[PDB]
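Everything on this sheet refers to the single structure shown next.
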Amino acid sequence: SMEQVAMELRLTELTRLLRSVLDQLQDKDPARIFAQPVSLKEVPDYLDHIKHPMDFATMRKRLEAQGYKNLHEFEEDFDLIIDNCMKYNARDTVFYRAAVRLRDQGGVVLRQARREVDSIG
């Protein structure tokens, strides 16, 4: 149906915007602390601590299968990256502080992305 097609065109355009939102968020992580999943080989206890791991590569996989239906879903995954890190790592660590900075800076990008997704529909 043409209705199905138009919905698919909207999903695709959301996907394009989210790809750019993701590149912008990831630039706020020059150290690449959040680029890849936490290794279970190097933090064998990780899953006893953190129930839903998230990282930018996993987000990128989901994005390229057009797996985000809306901005809310994508923000949930970004927030897990931050929130997971701030729970697992202590306040005085380079990791925790990289999460604080990503959150603060990412907040700017997401404030406008939310307007663009509303605005462009």
Checklist entry - Regarding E73, is this residue surrounded by 11 or more Cβ atoms within 10 Å (Cβ to Cβ), without any contact (Cβ under 8 Å) to a residue 12 or more places away in the chain and on the phi < 0 side of the Ramachandran plot? => result yes
Checklist entry - What residue, among those in the stretch 14-32 that are over 13 Å from the mean Cα position of the chain (by Cα) and in a loop (DSSP other than H, G, I, E, B), is nearest to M54 (Cα to Cα)? => result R32
Item to check | Residues located in the stretch 1-44, provided they are of a type outside the set (A, V, I, L, M, F, W, C) and farther than 20 Å from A57 by Cβ | outcome: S1, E3, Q4, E8, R10, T12, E13, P44
Checklist entry - For the stretch 110-121, does any single residue satisfy the condition of being among the acidic types (D, E) and either crowded, with 16+ Cβ neighbours inside 10 Å or in a helix (DSSP H, G or I) (or both)? => result yes
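Does the stretch 62-106 hold any residues that are farther than 30 Å from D48 by Cβ and either over 11 Å from the mean Cα position of the chain (by Cα) or not in a helix (DSSP H, G or I) (or both), and which are they? Steps first, please.
Quick first cut of the stretch 62-106, residues farther than 30 Å from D48 by Cβ only: 64, 66, 69-71, 105.
Residues satisfying the conditions are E64, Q66, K69, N70, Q105.
Determine whether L11 is more than 23 Å from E116 (Cα to Cα), of a type in the set (A, V, I, L, M), assigned to a helix (DSSP H, G or I) and over 13 Å from the mean Cα position of the chain (by Cα).
Details: more than 23 Å from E116 (Cα to Cα): no; of a type in the set (A, V, I, L, M): yes; assigned to a helix (DSSP H, G or I): yes; over 13 Å from the mean Cα position of the chain (by Cα): yes.
No.
Considering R91, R10, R103, which residue is under 17 Å from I120 (Cβ atoms) and among the basic types (K, R)? Lay out the reasoning, then the answer.
Numbers: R91 fails: under 17 Å from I120 (Cβ atoms); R103 fails: under 17 Å from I120 (Cβ atoms).
Exactly one residue qualifies, and that residue is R10.
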Next on the checklist: So if I check each of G106, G67, which one is crowded, with 16+ Cβ neighbours inside 10 Å and small (G, A, S)?
Outcome noted: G106
Checklist entry - Mind checking whether some residue in the stretch 33-53 is buried (at least 18 other Cβ atoms within 10 Å of the Cβ), part of a helix (DSSP H, G or I) and among the hydrophobic types (A, V, I, L, M, F, W, C)? => result no
Next on the checklist: Contact list please: Cβ distance under 7 Å, first residue in the stretch 1-28 and more than 14 Å from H72 (Cα to Cα), second residue outside any helix (DSSP H, G or I), pairs at least six apart or on different chains.
Outcome noted: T12/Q66
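Throughout, read-outs are computed from the coordinates displayed, never taken from laboratory work. Neighbour counts are summed over all protein chains in view; Cβ atoms, including those assigned to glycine, are modelled from backbone coordinates with ideal geometry.
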